[PDB]
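Colleague: This one is entry.pdb, PDB, C-alpha atoms (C1' of nucleotides) and all ligand atoms.
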```pdb
ATOM      1  CA  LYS J   1      82.046 105.999 123.382  1.00  0.00           C
ATOM      2  CA  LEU J   2      81.630 103.520 126.196  1.00  0.00           C
ATOM      3  CA  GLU J   3      82.485  99.916 126.995  1.00  0.00           C
ATOM      4  CA  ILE J   4      79.775  97.624 128.313  1.00  0.00           C
ATOM      5  CA  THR J   5      80.571  94.320 130.038  1.00  0.00           C
ATOM      6  CA  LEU J   6      77.992  91.668 130.931  1.00  0.00           C
ATOM      7  CA  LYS J   7      78.953  90.435 134.393  1.00  0.00           C
ATOM      8  CA  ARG J   8      75.812  88.875 135.838  1.00  0.00           C
ATOM      9  CA  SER J   9      73.880  86.071 134.190  1.00  0.00           C
ATOM     10  CA  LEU J  10      70.579  86.230 132.362  1.00  0.00           C
ATOM     11  CA  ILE J  11      69.189  83.045 133.990  1.00  0.00           C
ATOM     12  CA  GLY J  12      66.375  84.116 136.359  1.00  0.00           C
ATOM     13  CA  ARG J  13      66.260  87.549 134.690  1.00  0.00           C
ATOM     14  CA  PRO J  14      63.084  88.618 132.775  1.00  0.00           C
ATOM     15  CA  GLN J  15      62.944  88.597 128.921  1.00  0.00           C
ATOM     16  CA  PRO J  16      62.796  92.408 128.728  1.00  0.00           C
ATOM     17  CA  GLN J  17      66.232  92.484 130.309  1.00  0.00           C
ATOM     18  CA  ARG J  18      67.386  89.658 128.056  1.00  0.00           C
ATOM     19  CA  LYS J  19      66.178  91.473 124.957  1.00  0.00           C
ATOM     20  CA  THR J  20      67.840  94.705 126.045  1.00  0.00           C
ATOM     21  CA  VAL J  21      71.061  92.758 126.421  1.00  0.00           C
ATOM     22  CA  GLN J  22      70.774  91.056 123.033  1.00  0.00           C
ATOM     23  CA  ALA J  23      70.077  94.444 121.484  1.00  0.00           C
ATOM     24  CA  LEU J  24      73.169  95.870 123.110  1.00  0.00           C
ATOM     25  CA  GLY J  25      74.941  93.042 121.318  1.00  0.00           C
ATOM     26  CA  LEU J  26      75.931  90.881 124.242  1.00  0.00           C
ATOM     27  CA  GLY J  27      75.907  87.124 124.651  1.00  0.00           C
ATOM     28  CA  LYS J  28      77.970  85.235 127.162  1.00  0.00           C
ATOM     29  CA  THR J  29      79.007  86.755 130.453  1.00  0.00           C
ATOM     30  CA  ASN J  30      82.202  88.763 130.675  1.00  0.00           C
ATOM     31  CA  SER J  31      81.507  89.803 127.103  1.00  0.00           C
ATOM     32  CA  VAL J  32      82.532  93.272 126.016  1.00  0.00           C
ATOM     33  CA  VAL J  33      80.744  95.684 123.717  1.00  0.00           C
ATOM     34  CA  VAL J  34      81.715  99.183 122.575  1.00  0.00           C
ATOM     35  CA  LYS J  35      78.924 101.600 121.731  1.00  0.00           C
ATOM     36  CA  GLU J  36      78.169 105.276 121.392  1.00  0.00           C
ATOM     37  CA  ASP J  37      76.869 107.415 124.246  1.00  0.00           C
ATOM     38  CA  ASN J  38      73.390 107.997 122.860  1.00  0.00           C
ATOM     39  CA  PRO J  39      70.559 108.352 125.410  1.00  0.00           C
ATOM     40  CA  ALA J  40      68.886 105.411 123.704  1.00  0.00           C
ATOM     41  CA  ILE J  41      71.846 103.319 124.809  1.00  0.00           C
ATOM     42  CA  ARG J  42      71.917 104.900 128.249  1.00  0.00           C
ATOM     43  CA  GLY J  43      68.342 103.749 128.666  1.00  0.00           C
ATOM     44  CA  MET J  44      69.307 100.158 128.030  1.00  0.00           C
ATOM     45  CA  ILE J  45      72.029 100.760 130.582  1.00  0.00           C
ATOM     46  CA  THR J  46      69.637 102.163 133.161  1.00  0.00           C
ATOM     47  CA  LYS J  47      67.299  99.220 132.602  1.00  0.00           C
ATOM     48  CA  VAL J  48      70.075  96.627 133.132  1.00  0.00           C
ATOM     49  CA  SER J  49      72.701  98.396 135.239  1.00  0.00           C
ATOM     50  CA  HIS J  50      72.508  95.598 137.802  1.00  0.00           C
ATOM     51  CA  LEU J  51      73.879  93.176 135.184  1.00  0.00           C
ATOM     52  CA  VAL J  52      76.504  95.376 133.613  1.00  0.00           C
ATOM     53  CA  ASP J  53      79.669  97.362 134.188  1.00  0.00           C
ATOM     54  CA  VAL J  54      80.194 100.526 132.128  1.00  0.00           C
ATOM     55  CA  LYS J  55      83.499 102.192 131.318  1.00  0.00           C
ATOM     56  CA  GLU J  56      84.141 105.206 129.102  1.00  0.00           C
TER      57      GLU J  56
ATOM     58  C1'   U D   1      65.821 101.806 124.252  1.00  0.00           C
ATOM     59  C1'   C D   2      65.269 107.457 123.461  1.00  0.00           C
ATOM     60  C1'   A D   3      61.956 111.184 122.102  1.00  0.00           C
ATOM     61  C1'   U D   4      56.936 112.563 121.021  1.00  0.00           C
ATOM     62  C1'   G D   5      51.491 111.915 120.978  1.00  0.00           C
ATOM     63  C1'   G D   6      47.603 109.231 122.870  1.00  0.00           C
ATOM     64  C1'   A D   7      43.546 105.762 125.136  1.00  0.00           C
ATOM     65  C1'   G D   8      42.856 104.002 129.937  1.00  0.00           C
ATOM     66  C1'   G D   9      40.507 105.209 136.028  1.00  0.00           C
ATOM     67  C1'   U D  10      44.318 100.800 139.283  1.00  0.00           C
ATOM     68  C1'   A D  11      47.516 102.082 143.776  1.00  0.00           C
ATOM     69  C1'   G D  12      46.959 106.189 146.574  1.00  0.00           C
ATOM     70  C1'   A D  13      44.123 110.231 148.045  1.00  0.00           C
ATOM     71  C1'   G D  14      39.376 112.503 148.728  1.00  0.00           C
ATOM     72  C1'   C D  15      34.158 113.174 150.132  1.00  0.00           C
ATOM     73  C1'   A D  16      32.084 116.568 144.982  1.00  0.00           C
ATOM     74  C1'   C D  17      27.405 111.888 144.443  1.00  0.00           C
ATOM     75  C1'   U D  18      25.905 107.005 146.443  1.00  0.00           C
ATOM     76  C1'   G D  19      26.039 103.741 150.683  1.00  0.00           C
ATOM     77  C1'   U D  20      28.182 102.672 156.042  1.00  0.00           C
ATOM     78  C1'   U D  21      29.216 105.793 160.305  1.00  0.00           C
ATOM     79  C1'   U D  22      30.930 109.250 165.186  1.00  0.00           C
ATOM     80  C1'   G D  23      30.005 113.597 167.989  1.00  0.00           C
ATOM     81  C1'   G D  24      27.268 118.148 168.402  1.00  0.00           C
ATOM     82  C1'   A D  25      22.910 121.642 167.018  1.00  0.00           C
ATOM     83  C1'   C D  26      17.809 120.996 166.016  1.00  0.00           C
ATOM     84  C1'   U D  27      13.024 118.527 164.938  1.00  0.00           C
ATOM     85  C1'   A D  28       8.404 116.326 162.199  1.00  0.00           C
ATOM     86  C1'   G D  29       6.540 112.489 164.879  1.00  0.00           C
ATOM     87  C1'   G D  30       5.804 108.041 168.806  1.00  0.00           C
ATOM     88  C1'   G D  31       5.656 106.763 174.713  1.00  0.00           C
ATOM     89  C1'   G D  32       4.546 108.480 179.355  1.00  0.00           C
ATOM     90  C1'   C D  33       3.179 112.289 183.809  1.00  0.00           C
ATOM     91  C1'   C D  34      -0.560 114.706 182.931  1.00  0.00           C
ATOM     92  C1'   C D  35      -3.711 120.076 182.892  1.00  0.00           C
ATOM     93  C1'   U D  36      -7.593 119.106 181.158  1.00  0.00           C
ATOM     94  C1'   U D  37     -11.217 117.255 177.905  1.00  0.00           C
ATOM     95  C1'   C D  38     -16.437 116.478 172.832  1.00  0.00           C
ATOM     96  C1'   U D  39      -8.384 114.321 175.332  1.00  0.00           C
ATOM     97  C1'   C D  40      -9.838 119.439 171.366  1.00  0.00           C
ATOM     98  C1'   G D  41      -5.583 122.271 172.540  1.00  0.00           C
ATOM     99  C1'   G D  42      -1.492 122.852 176.003  1.00  0.00           C
ATOM    100  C1'   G D  43       2.895 122.256 180.563  1.00  0.00           C
ATOM    101  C1'   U D  44       5.446 119.553 178.416  1.00  0.00           C
ATOM    102  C1'   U D  45       9.331 115.321 179.073  1.00  0.00           C
ATOM    103  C1'   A D  46      16.398 115.416 177.266  1.00  0.00           C
ATOM    104  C1'   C D  47      12.424 108.468 176.946  1.00  0.00           C
ATOM    105  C1'   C D  48      13.030 107.930 172.246  1.00  0.00           C
ATOM    106  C1'   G D  49      12.893 110.460 167.433  1.00  0.00           C
ATOM    107  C1'   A D  50      12.261 110.571 160.933  1.00  0.00           C
ATOM    108  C1'   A D  51      14.557 114.014 158.551  1.00  0.00           C
ATOM    109  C1'   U D  52      17.481 118.886 158.057  1.00  0.00           C
ATOM    110  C1'   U D  53      22.289 121.110 159.203  1.00  0.00           C
ATOM    111  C1'   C D  54      28.109 121.805 161.301  1.00  0.00           C
ATOM    112  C1'   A D  55      32.730 119.207 162.093  1.00  0.00           C
ATOM    113  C1'   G D  56      35.192 114.463 161.386  1.00  0.00           C
ATOM    114  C1'   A D  57      35.774 109.019 159.710  1.00  0.00           C
ATOM    115  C1'   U D  58      35.040 104.780 155.919  1.00  0.00           C
ATOM    116  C1'   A D  59      34.374 102.000 151.123  1.00  0.00           C
ATOM    117  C1'   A D  60      35.989  95.440 145.873  1.00  0.00           C
ATOM    118  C1'   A D  61      31.031  96.307 143.457  1.00  0.00           C
ATOM    119  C1'   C D  62      31.796 105.271 145.929  1.00  0.00           C
ATOM    120  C1'   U D  63      34.769 109.051 142.960  1.00  0.00           C
ATOM    121  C1'   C D  64      35.832 115.966 142.375  1.00  0.00           C
ATOM    122  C1'   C D  65      40.915 113.739 141.635  1.00  0.00           C
ATOM    123  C1'   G D  66      44.827 110.634 140.205  1.00  0.00           C
ATOM    124  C1'   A D  67      50.313 108.349 139.475  1.00  0.00           C
ATOM    125  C1'   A D  68      54.237 104.621 138.578  1.00  0.00           C
ATOM    126  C1'   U D  69      54.229 100.784 135.301  1.00  0.00           C
ATOM    127  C1'   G D  70      52.240  98.371 131.321  1.00  0.00           C
ATOM    128  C1'   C D  71      49.581  99.076 126.194  1.00  0.00           C
ATOM    129  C1'   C D  72      48.668 101.409 121.157  1.00  0.00           C
ATOM    130  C1'   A D  73      51.443 103.910 117.711  1.00  0.00           C
ATOM    131  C1'   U D  74      54.767 107.525 115.169  1.00  0.00           C
ATOM    132  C1'   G D  75      60.162 108.461 114.002  1.00  0.00           C
ATOM    133  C1'   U D  76      64.804 109.563 110.117  1.00  0.00           C
ATOM    134  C1'   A D  77      66.922 108.728 116.069  1.00  0.00           C
ATOM    135  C1'   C D  78      70.470 104.482 118.242  1.00  0.00           C
ATOM    136  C1'   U D  79      71.639  99.517 118.548  1.00  0.00           C
ATOM    137  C1'   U D  80      70.132  94.430 117.523  1.00  0.00           C
ATOM    138  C1'   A D  81      68.121  89.878 114.698  1.00  0.00           C
TER     139        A D  81
HETATM  140 MG    MG R 101      42.364 102.327 148.346  1.00  0.00          MG
HETATM  141 MG    MG R 102      38.076 101.375 144.523  1.00  0.00          MG
END
```
Rewrite the structure from the file as structure tokens, please.
Ligand SMILES: [Mg+2]
Ligand SMILES: [Mg+2]
Modeller:
Amino acid sequence: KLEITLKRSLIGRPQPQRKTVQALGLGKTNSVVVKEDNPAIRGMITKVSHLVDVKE
RNA sequence: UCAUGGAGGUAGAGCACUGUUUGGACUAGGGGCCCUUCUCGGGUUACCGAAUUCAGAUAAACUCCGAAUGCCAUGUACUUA
């Protein structure tokens, strides 16, 4: 598993990034999510790594 | 989002066509000095010169090529509304 925290804002960020975030299950900043380590999920990571911190 | 399959001819690159073009080889032909002379045909001139050909450049309306992305979808994948 891995822990996904939303540290940057979505304001000024394109809707693809926003939708990736909402699909990860994130809302407000400094919000935490715990997910599996599927490559599907790692793709959402690698599309929004600039907004996110990942822990395992 | 991941995987998979696809249309598509952009960026770039390239010259395989089309145009634009540089240098060289080489020339139909035009101009002159003429030899002549029914100026017929030659000596021919680097004074030009269609084209042809070798190498090298160029292209929104050129393409032998050709991505990233984006798009169409499929899935049981994994989240989410
Ligand atoms: Mg170009
Ligand atoms: Mg073009």
Colleague: Near residue 62 in chain D, counting all atoms listed in the file, which residues have an atom at most 8 Å away, once you skip same-chain residues fewer than 2 positions from it, shown as a VMD selection string?
Modeller: chain D and resid 18 to 19 59
Colleague: Just want the residues within 10 Å of ligand MG 102 (chain R), written as a list in words, counting only C-alpha atoms (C1' of nucleotides) and all ligand atoms.
Modeller: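 Using only C-alpha atoms (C1' of nucleotides) and all ligand atoms, everything at most 10 Å from ligand MG 102 (chain R) comes to residues 9, 10, 11, 59, 60, 61, 62 and 63 of chain D.
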Colleague: Evaluating the PyMOL selection byres (((chain J and resi 48) around 12) and not hetatm) on the displayed file yields which residues, as a VMD selection string?
Modeller: (chain J and resid 4 to 10 13 to 24 41 to 47 49 to 54) or (chain D and resid 1)
Colleague: As a PyMOL selection string, please: the residues near residue 1 in chain J (cut-off 7 Å, only C-alpha atoms (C1' of nucleotides), same-chain neighbours under 5 positions excluded).
Modeller: chain J and resi 34-37+56
Colleague: Tell me which of D:29, D:66, D:6, D:49 sits closest to ligand MG 101 (chain R), counting all atoms listed in the file.
Modeller: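 Smallest distance to ligand MG 101 (chain R) is found for D:66.
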Colleague: If we count all atoms listed in the file and set the cut-off at 9 Å, which residues sit around residue 34 in chain D, ignoring sequence neighbours fewer than 2 positions away in its own chain? Please answer as an MDAnalysis selection string.
Modeller: chainID D and resid 32 36 43:44
Colleague: Record the distance separating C1' of residue 54 in chain D and atom MG of ligand MG 101 (chain R), expressed in Å with one decimal.
Modeller: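 These two atoms are separated by 27.4 Å.
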Colleague: Find the residues in chain D near chain J: any atom within 7 Å counts, using all atoms listed in the file. Write them as a count of residues only.
Modeller: 5
Colleague: Just say which residues the PyMOL selection byres (((chain D and resi 47) around 9) and not hetatm) picks in this file, as a list in words.
Modeller: residues 31, 32, 45, 46 and 48 of chain D
Colleague: Find, counting only C-alpha atoms (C1' of nucleotides) and all ligand atoms, the residue in D:27, D:76, D:58, D:52 that gets nearest to ligand MG 101 (chain R).
Modeller: D:58
Colleague: Would you save range 17-53 of chain J from the block above with N, CA, C and O atoms, as a PDB file, in the first residue's frame?
Modeller:
```pdb
ATOM      1  N   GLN J  17      -5.628  17.064 -14.365  1.00  0.00           N
ATOM      2  CA  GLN J  17      -5.010  16.878 -13.066  1.00  0.00           C
ATOM      3  C   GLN J  17      -6.056  16.846 -11.968  1.00  0.00           C
ATOM      4  O   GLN J  17      -6.003  15.998 -11.074  1.00  0.00           O
ATOM      5  N   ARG J  18      -7.014  17.765 -12.028  1.00  0.00           N
ATOM      6  CA  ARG J  18      -8.090  17.786 -11.046  1.00  0.00           C
ATOM      7  C   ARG J  18      -8.846  16.471 -11.012  1.00  0.00           C
ATOM      8  O   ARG J  18      -9.165  15.954  -9.938  1.00  0.00           O
ATOM      9  N   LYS J  19      -9.163  15.930 -12.180  1.00  0.00           N
ATOM     10  CA  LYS J  19      -9.938  14.706 -12.256  1.00  0.00           C
ATOM     11  C   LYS J  19      -9.138  13.521 -11.755  1.00  0.00           C
ATOM     12  O   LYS J  19      -9.678  12.640 -11.083  1.00  0.00           O
ATOM     13  N   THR J  20      -7.848  13.486 -12.068  1.00  0.00           N
ATOM     14  CA  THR J  20      -6.967  12.470 -11.506  1.00  0.00           C
ATOM     15  C   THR J  20      -6.982  12.516  -9.993  1.00  0.00           C
ATOM     16  O   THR J  20      -7.008  11.477  -9.324  1.00  0.00           O
ATOM     17  N   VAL J  21      -6.961  13.717  -9.441  1.00  0.00           N
ATOM     18  CA  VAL J  21      -6.967  13.882  -7.997  1.00  0.00           C
ATOM     19  C   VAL J  21      -8.276  13.378  -7.405  1.00  0.00           C
ATOM     20  O   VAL J  21      -8.290  12.587  -6.450  1.00  0.00           O
ATOM     21  N   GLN J  22      -9.396  13.823  -7.969  1.00  0.00           N
ATOM     22  CA  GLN J  22     -10.706  13.408  -7.489  1.00  0.00           C
ATOM     23  C   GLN J  22     -10.887  11.906  -7.602  1.00  0.00           C
ATOM     24  O   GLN J  22     -11.587  11.300  -6.788  1.00  0.00           O
ATOM     25  N   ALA J  23     -10.256  11.291  -8.594  1.00  0.00           N
ATOM     26  CA  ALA J  23     -10.340   9.850  -8.743  1.00  0.00           C
ATOM     27  C   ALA J  23      -9.437   9.131  -7.761  1.00  0.00           C
ATOM     28  O   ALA J  23      -9.731   8.001  -7.359  1.00  0.00           O
ATOM     29  N   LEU J  24      -8.327   9.747  -7.382  1.00  0.00           N
ATOM     30  CA  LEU J  24      -7.562   9.219  -6.268  1.00  0.00           C
ATOM     31  C   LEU J  24      -8.334   9.293  -4.966  1.00  0.00           C
ATOM     32  O   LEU J  24      -8.051   8.520  -4.048  1.00  0.00           O
ATOM     33  N   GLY J  25      -9.283  10.211  -4.864  1.00  0.00           N
ATOM     34  CA  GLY J  25     -10.129  10.311  -3.704  1.00  0.00           C
ATOM     35  C   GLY J  25      -9.765  11.445  -2.798  1.00  0.00           C
ATOM     36  O   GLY J  25     -10.019  11.371  -1.590  1.00  0.00           O
ATOM     37  N   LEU J  26      -9.171  12.483  -3.350  1.00  0.00           N
ATOM     38  CA  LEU J  26      -8.655  13.601  -2.606  1.00  0.00           C
ATOM     39  C   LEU J  26      -9.545  14.814  -2.807  1.00  0.00           C
ATOM     40  O   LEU J  26     -10.175  14.980  -3.854  1.00  0.00           O
ATOM     41  N   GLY J  27      -9.611  15.646  -1.778  1.00  0.00           N
ATOM     42  CA  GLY J  27     -10.311  16.908  -1.831  1.00  0.00           C
ATOM     43  C   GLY J  27      -9.405  18.065  -1.499  1.00  0.00           C
ATOM     44  O   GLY J  27      -8.616  18.544  -2.316  1.00  0.00           O
ATOM     45  N   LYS J  28      -9.570  18.532  -0.272  1.00  0.00           N
ATOM     46  CA  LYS J  28      -8.792  19.613   0.292  1.00  0.00           C
ATOM     47  C   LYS J  28      -7.309  19.281   0.287  1.00  0.00           C
ATOM     48  O   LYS J  28      -6.905  18.124   0.171  1.00  0.00           O
ATOM     49  N   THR J  29      -6.488  20.316   0.418  1.00  0.00           N
ATOM     50  CA  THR J  29      -5.062  20.091   0.561  1.00  0.00           C
ATOM     51  C   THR J  29      -4.768  19.453   1.899  1.00  0.00           C
ATOM     52  O   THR J  29      -5.608  19.419   2.798  1.00  0.00           O
ATOM     53  N   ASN J  30      -3.561  18.920   2.008  1.00  0.00           N
ATOM     54  CA  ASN J  30      -3.104  18.182   3.172  1.00  0.00           C
ATOM     55  C   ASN J  30      -4.073  17.076   3.549  1.00  0.00           C
ATOM     56  O   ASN J  30      -4.195  16.713   4.721  1.00  0.00           O
ATOM     57  N   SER J  31      -4.762  16.553   2.540  1.00  0.00           N
ATOM     58  CA  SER J  31      -5.634  15.410   2.689  1.00  0.00           C
ATOM     59  C   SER J  31      -4.870  14.159   2.333  1.00  0.00           C
ATOM     60  O   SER J  31      -4.062  14.145   1.398  1.00  0.00           O
ATOM     61  N   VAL J  32      -5.153  13.110   3.093  1.00  0.00           N
ATOM     62  CA  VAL J  32      -4.462  11.836   3.027  1.00  0.00           C
ATOM     63  C   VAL J  32      -5.385  10.811   2.398  1.00  0.00           C
ATOM     64  O   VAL J  32      -6.603  10.838   2.596  1.00  0.00           O
ATOM     65  N   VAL J  33      -4.788   9.913   1.638  1.00  0.00           N
ATOM     66  CA  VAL J  33      -5.469   8.789   1.027  1.00  0.00           C
ATOM     67  C   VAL J  33      -4.537   7.591   1.109  1.00  0.00           C
ATOM     68  O   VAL J  33      -3.321   7.735   1.006  1.00  0.00           O
ATOM     69  N   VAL J  34      -5.105   6.406   1.303  1.00  0.00           N
ATOM     70  CA  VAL J  34      -4.337   5.166   1.313  1.00  0.00           C
ATOM     71  C   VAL J  34      -4.873   4.284   0.203  1.00  0.00           C
ATOM     72  O   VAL J  34      -6.074   4.001   0.159  1.00  0.00           O
ATOM     73  N   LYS J  35      -3.985   3.854  -0.686  1.00  0.00           N
ATOM     74  CA  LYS J  35      -4.376   3.053  -1.831  1.00  0.00           C
ATOM     75  C   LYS J  35      -3.414   1.892  -2.007  1.00  0.00           C
ATOM     76  O   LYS J  35      -2.399   1.783  -1.317  1.00  0.00           O
ATOM     77  N   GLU J  36      -3.765   1.012  -2.935  1.00  0.00           N
ATOM     78  CA  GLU J  36      -2.879  -0.053  -3.350  1.00  0.00           C
ATOM     79  C   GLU J  36      -1.825   0.477  -4.313  1.00  0.00           C
ATOM     80  O   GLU J  36      -1.866   1.626  -4.752  1.00  0.00           O
ATOM     81  N   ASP J  37      -0.885  -0.393  -4.656  1.00  0.00           N
ATOM     82  CA  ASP J  37       0.298  -0.043  -5.428  1.00  0.00           C
ATOM     83  C   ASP J  37       0.172  -0.464  -6.886  1.00  0.00           C
ATOM     84  O   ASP J  37       1.159  -0.794  -7.547  1.00  0.00           O
ATOM     85  N   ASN J  38      -1.044  -0.461  -7.395  1.00  0.00           N
ATOM     86  CA  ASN J  38      -1.308  -0.873  -8.759  1.00  0.00           C
ATOM     87  C   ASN J  38      -0.651   0.111  -9.724  1.00  0.00           C
ATOM     88  O   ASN J  38      -0.538   1.307  -9.413  1.00  0.00           O
ATOM     89  N   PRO J  39      -0.204  -0.336 -10.900  1.00  0.00           N
ATOM     90  CA  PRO J  39       0.334   0.614 -11.879  1.00  0.00           C
ATOM     91  C   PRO J  39      -0.675   1.623 -12.363  1.00  0.00           C
ATOM     92  O   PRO J  39      -0.283   2.732 -12.746  1.00  0.00           O
ATOM     93  N   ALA J  40      -1.959   1.278 -12.361  1.00  0.00           N
ATOM     94  CA  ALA J  40      -2.991   2.266 -12.631  1.00  0.00           C
ATOM     95  C   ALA J  40      -2.866   3.460 -11.713  1.00  0.00           C
ATOM     96  O   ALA J  40      -2.896   4.607 -12.170  1.00  0.00           O
ATOM     97  N   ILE J  41      -2.709   3.202 -10.426  1.00  0.00           N
ATOM     98  CA  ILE J  41      -2.530   4.238  -9.428  1.00  0.00           C
ATOM     99  C   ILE J  41      -1.203   4.949  -9.600  1.00  0.00           C
ATOM    100  O   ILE J  41      -1.126   6.170  -9.447  1.00  0.00           O
ATOM    101  N   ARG J  42      -0.146   4.214  -9.927  1.00  0.00           N
ATOM    102  CA  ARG J  42       1.139   4.868 -10.125  1.00  0.00           C
ATOM    103  C   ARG J  42       1.140   5.758 -11.353  1.00  0.00           C
ATOM    104  O   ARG J  42       1.961   6.670 -11.456  1.00  0.00           O
ATOM    105  N   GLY J  43       0.208   5.553 -12.270  1.00  0.00           N
ATOM    106  CA  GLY J  43       0.071   6.479 -13.371  1.00  0.00           C
ATOM    107  C   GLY J  43      -0.570   7.783 -12.968  1.00  0.00           C
ATOM    108  O   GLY J  43      -0.172   8.848 -13.440  1.00  0.00           O
ATOM    109  N   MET J  44      -1.559   7.724 -12.090  1.00  0.00           N
ATOM    110  CA  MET J  44      -2.132   8.943 -11.553  1.00  0.00           C
ATOM    111  C   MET J  44      -1.103   9.701 -10.733  1.00  0.00           C
ATOM    112  O   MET J  44      -1.004  10.934 -10.819  1.00  0.00           O
ATOM    113  N   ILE J  45      -0.305   8.969  -9.961  1.00  0.00           N
ATOM    114  CA  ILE J  45       0.886   9.552  -9.359  1.00  0.00           C
ATOM    115  C   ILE J  45       1.718  10.262 -10.415  1.00  0.00           C
ATOM    116  O   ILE J  45       1.811  11.488 -10.417  1.00  0.00           O
ATOM    117  N   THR J  46       2.257   9.529 -11.377  1.00  0.00           N
ATOM    118  CA  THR J  46       3.204  10.144 -12.295  1.00  0.00           C
ATOM    119  C   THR J  46       2.594  11.193 -13.202  1.00  0.00           C
ATOM    120  O   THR J  46       3.348  11.839 -13.930  1.00  0.00           O
ATOM    121  N   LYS J  47       1.278  11.364 -13.199  1.00  0.00           N
ATOM    122  CA  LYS J  47       0.668  12.523 -13.825  1.00  0.00           C
ATOM    123  C   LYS J  47       0.520  13.706 -12.882  1.00  0.00           C
ATOM    124  O   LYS J  47       0.422  14.835 -13.372  1.00  0.00           O
ATOM    125  N   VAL J  48       0.485  13.489 -11.560  1.00  0.00           N
ATOM    126  CA  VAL J  48       0.352  14.605 -10.619  1.00  0.00           C
ATOM    127  C   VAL J  48       1.371  14.584  -9.486  1.00  0.00           C
ATOM    128  O   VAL J  48       1.069  14.999  -8.367  1.00  0.00           O
ATOM    129  N   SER J  49       2.574  14.101  -9.756  1.00  0.00           N
ATOM    130  CA  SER J  49       3.600  14.020  -8.729  1.00  0.00           C
ATOM    131  C   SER J  49       3.992  15.380  -8.188  1.00  0.00           C
ATOM    132  O   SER J  49       4.431  15.480  -7.040  1.00  0.00           O
ATOM    133  N   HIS J  50       3.861  16.415  -8.999  1.00  0.00           N
ATOM    134  CA  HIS J  50       4.177  17.772  -8.589  1.00  0.00           C
ATOM    135  C   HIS J  50       3.202  18.334  -7.569  1.00  0.00           C
ATOM    136  O   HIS J  50       3.473  19.389  -6.991  1.00  0.00           O
ATOM    137  N   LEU J  51       2.084  17.655  -7.329  1.00  0.00           N
ATOM    138  CA  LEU J  51       1.059  18.118  -6.406  1.00  0.00           C
ATOM    139  C   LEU J  51       0.994  17.302  -5.129  1.00  0.00           C
ATOM    140  O   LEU J  51       0.217  17.630  -4.223  1.00  0.00           O
ATOM    141  N   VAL J  52       1.788  16.247  -5.045  1.00  0.00           N
ATOM    142  CA  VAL J  52       1.523  15.115  -4.178  1.00  0.00           C
ATOM    143  C   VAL J  52       2.811  14.727  -3.473  1.00  0.00           C
ATOM    144  O   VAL J  52       3.903  14.931  -4.016  1.00  0.00           O
ATOM    145  N   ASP J  53       2.682  14.179  -2.266  1.00  0.00           N
ATOM    146  CA  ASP J  53       3.752  13.426  -1.633  1.00  0.00           C
ATOM    147  C   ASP J  53       3.284  11.998  -1.394  1.00  0.00           C
ATOM    148  O   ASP J  53       2.172  11.778  -0.902  1.00  0.00           O
TER     149      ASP J  53
END
```
